[PDB]
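A structural walkthrough
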Amino acid sequence: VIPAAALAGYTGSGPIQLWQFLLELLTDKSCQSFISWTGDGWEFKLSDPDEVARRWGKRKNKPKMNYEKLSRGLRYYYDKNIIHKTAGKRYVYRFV
DNA sequence: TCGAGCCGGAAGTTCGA
DNA sequence: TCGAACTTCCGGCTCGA
(Lines give C-alpha, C1' and ligand atoms only; values in the text may rest on other atoms or scores of the structure.)
Protein backbone atom coordinates (compact mmCIF):
# COMPACT_ATOMS: atom_id res chain seq x y z
CA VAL A 1 0.00 0.00 0.00
CA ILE A 2 3.07 2.22 -0.53
CA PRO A 3 3.46 1.80 -4.30
CA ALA A 4 4.94 5.30 -4.18
CA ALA A 5 8.55 4.10 -3.88
CA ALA A 6 7.57 1.15 -6.14
CA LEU A 7 5.80 3.34 -8.72
CA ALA A 8 8.30 6.04 -8.44
CA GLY A 9 11.34 3.75 -8.28
CA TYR A 10 12.43 7.05 -9.70
CA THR A 11 16.02 7.01 -8.57
CA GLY A 12 18.24 9.73 -7.17
CA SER A 13 18.04 11.23 -10.64
CA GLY A 14 18.02 14.56 -8.86
CA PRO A 15 15.56 15.47 -6.08
CA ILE A 16 11.94 15.00 -7.21
CA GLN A 17 9.84 18.03 -8.02
CA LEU A 18 7.55 18.87 -5.09
CA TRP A 19 4.15 18.76 -6.82
CA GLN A 20 5.18 16.10 -9.38
CA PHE A 21 5.76 13.73 -6.43
CA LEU A 22 2.55 14.81 -4.64
CA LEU A 23 0.68 14.73 -7.96
CA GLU A 24 2.10 11.25 -8.72
CA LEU A 25 1.01 10.01 -5.27
CA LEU A 26 -2.36 11.68 -5.87
CA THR A 27 -3.59 9.78 -8.96
CA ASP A 28 -2.04 6.66 -7.39
CA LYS A 29 -3.20 3.60 -5.36
CA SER A 30 -6.55 3.48 -3.49
CA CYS A 31 -6.31 6.58 -1.21
CA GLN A 32 -9.57 5.50 0.45
CA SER A 33 -7.98 3.89 3.54
CA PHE A 34 -5.62 6.85 4.35
CA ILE A 35 -7.36 9.79 2.68
CA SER A 36 -10.39 10.78 0.50
CA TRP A 37 -10.28 10.82 -3.34
CA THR A 38 -13.73 11.67 -4.82
CA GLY A 39 -14.55 9.68 -7.99
CA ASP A 40 -15.93 12.63 -10.02
CA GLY A 41 -14.06 15.65 -11.54
CA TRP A 42 -10.96 16.73 -9.57
CA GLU A 43 -11.47 17.29 -5.81
CA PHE A 44 -8.89 16.06 -3.26
CA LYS A 45 -9.27 16.33 0.55
CA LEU A 46 -6.72 15.31 3.16
CA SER A 47 -8.74 13.30 5.72
CA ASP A 48 -5.88 11.50 7.57
CA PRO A 49 -2.43 12.23 6.06
CA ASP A 50 -0.84 10.15 8.86
CA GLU A 51 1.47 8.29 6.45
CA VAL A 52 1.77 11.14 3.97
CA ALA A 53 2.56 13.73 6.65
CA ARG A 54 5.34 11.57 8.17
CA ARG A 55 6.75 10.61 4.73
CA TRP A 56 6.98 14.32 3.92
CA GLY A 57 9.23 14.92 6.95
CA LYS A 58 11.07 11.58 6.55
CA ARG A 59 12.51 12.53 3.15
CA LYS A 60 14.36 15.21 5.11
CA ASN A 61 15.63 12.74 7.72
CA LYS A 62 13.31 14.60 10.12
CA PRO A 63 11.40 12.13 12.40
CA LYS A 64 8.08 14.01 12.83
CA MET A 65 6.58 16.96 11.04
CA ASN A 66 3.09 18.20 11.94
CA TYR A 67 0.69 19.02 9.10
CA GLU A 68 0.98 22.74 9.86
CA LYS A 69 4.15 22.65 7.74
CA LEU A 70 2.36 21.79 4.55
CA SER A 71 -0.12 24.60 5.19
CA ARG A 72 3.18 26.50 5.57
CA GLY A 73 5.56 25.52 2.73
CA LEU A 74 2.76 24.35 0.45
CA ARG A 75 1.06 27.73 0.85
CA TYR A 76 4.20 29.72 -0.10
CA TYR A 77 4.17 27.32 -3.08
CA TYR A 78 1.83 29.69 -5.00
CA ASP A 79 4.89 30.58 -7.12
CA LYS A 80 3.71 28.49 -10.08
CA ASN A 81 0.24 27.65 -11.33
CA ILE A 82 0.24 24.01 -10.21
CA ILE A 83 -1.58 23.37 -6.88
CA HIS A 84 -4.03 25.82 -5.31
CA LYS A 85 -5.79 25.17 -1.98
CA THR A 86 -9.61 25.43 -1.82
CA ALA A 87 -11.32 28.22 0.16
CA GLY A 88 -14.04 25.71 1.12
CA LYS A 89 -12.65 24.00 4.24
CA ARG A 90 -8.97 23.65 5.35
CA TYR A 91 -7.99 20.04 4.63
CA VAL A 92 -9.41 20.48 1.10
CA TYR A 93 -6.59 20.62 -1.47
CA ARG A 94 -6.96 20.97 -5.24
CA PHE A 95 -4.87 21.13 -8.43
CA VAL A 96 -5.20 23.00 -11.75
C1' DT B 1 -14.85 30.16 28.88
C1' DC B 2 -10.83 27.17 26.58
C1' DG B 3 -7.72 24.70 23.06
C1' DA B 4 -6.51 23.58 18.20
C1' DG B 5 -5.24 24.23 13.40
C1' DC B 6 -4.11 27.94 9.73
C1' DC B 7 -1.93 31.30 8.04
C1' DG B 8 2.25 35.97 7.40
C1' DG B 9 7.18 36.98 6.63
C1' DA B 10 12.14 36.21 6.26
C1' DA B 11 16.57 33.90 5.96
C1' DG B 12 19.65 30.34 4.30
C1' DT B 13 21.74 26.73 1.42
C1' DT B 14 21.89 24.17 -3.03
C1' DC B 15 20.48 22.71 -8.35
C1' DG B 16 20.93 22.81 -13.40
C1' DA B 17 22.69 25.23 -17.39
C1' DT C 1 29.91 31.11 -11.98
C1' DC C 2 24.46 33.03 -12.12
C1' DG C 3 19.55 33.15 -10.48
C1' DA C 4 15.80 30.73 -8.68
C1' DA C 5 13.99 27.07 -5.59
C1' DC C 6 12.09 24.88 -1.08
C1' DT C 7 12.78 24.70 3.86
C1' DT C 8 12.39 26.02 8.55
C1' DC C 9 11.88 29.65 12.94
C1' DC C 10 8.68 33.36 15.61
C1' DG C 11 4.54 34.66 16.98
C1' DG C 12 -0.96 35.76 15.98
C1' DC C 13 -6.14 34.89 14.39
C1' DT C 14 -10.50 33.06 14.93
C1' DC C 15 -14.19 28.72 15.48
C1' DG C 16 -16.83 25.23 17.79
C1' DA C 17 -18.61 22.60 22.15
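Residues numbered from 1 in each chain as written, not as in the entry; some residues may be left out. Chains lettered and ligands numbered in written order. Heavy atoms only, no water.

Per the deposition metadata, solution NMR was the technique used to determine this entry.

A short note on the protein's contact with DNA strand C
The environment of DNA strand C is made up of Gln17, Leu18, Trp56, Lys60, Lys62, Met65, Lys69, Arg72, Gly73, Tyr77 and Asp79. Among atoms of DNA strand C positioned within 4 Å of the protein, sugar and phosphate together represent 67%. One nitrogen or oxygen atom from the side chain of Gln17 is found 2.9 Å from a phosphate oxygen belonging to DNA strand C. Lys69 places a polar side-chain atom, nitrogen or oxygen, 2.4 Å from a phosphate oxygen of DNA strand C. If one sorts the elements of the surface near DNA strand C by residue count, helix α4 (residues 68–74) sits on top with three residues. Across the surface near DNA strand C, the residue classes tally to four nonpolar, two polar and five charged. (Near = heavy atom within 4 Å. Polar contact = N/O pair within 3.5 Å; in protein donor to acceptor, adjacent residues only side chain to side chain. Helix = DSSP H or I, 4+ residues; strand = E, 2+ residues; numbered from the N terminus. Nonpolar A, V, L, I, M, F, W, Y, C, P; charged D, E, K, R; others polar.)

Observations concerning the protein's contact with DNA strand B
Around DNA strand B, a shell composed of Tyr67, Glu68, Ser71, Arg72, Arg75, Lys85 and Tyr91 is seen. For DNA strand B, the backbone portion of the atoms within 4 Å of the protein, that is sugar and phosphate, comes to 50%. Contact between DNA strand B and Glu68: a base nitrogen at 3.2 Å from a side-chain N or O atom of the residue. The dominant element in the surface near DNA strand B, judged by the number of residues it contributes, is α4, at three residues. Partitioning the surface near DNA strand B into residue classes produces two nonpolar, one polar and four charged.

Some details on the UniProt feature "DNA-binding region" in chain A
The UniProt feature table records "DNA-binding region" at residues 16–96. Here residues 16–96 runs as 31% helix and 14% strand, with 19 Å between its end C-alpha atoms. (UniProt positions renumbered as here; feature names shortened; annotations may be inferred.)

Description of helix α3 (residues 50–58)
Here α3 has its buried residues at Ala53, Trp56 and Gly57. Along the axis of α3, the buried residues cluster in a sector spanning 90°; they form a single face. In α3, the exposed residues that point more than 90 degrees away from the buried face are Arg54 and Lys58. (Buried < 20%, exposed > 50% of the residue type's maximum accessible area, 1.4 Å probe, protein only. Arc of directions from axis to C-beta.)

Points about the sheet that holds strand β2 (residues 44–45)
An order of β1-β2-β4-β3 is seen for the four strands of this open sheet, with the pairing classed as antiparallel. Only two strands of the sheet have a single neighbouring strand rather than two, namely β1 (36–37) and β3 (83–85). As defined by bridge partners, β1 adjoins β2 across two bridges and the pair is classed as antiparallel. Bridging across to β2, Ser36 finds its partner in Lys45. (Pairing = 2+ DSSP bridges.)

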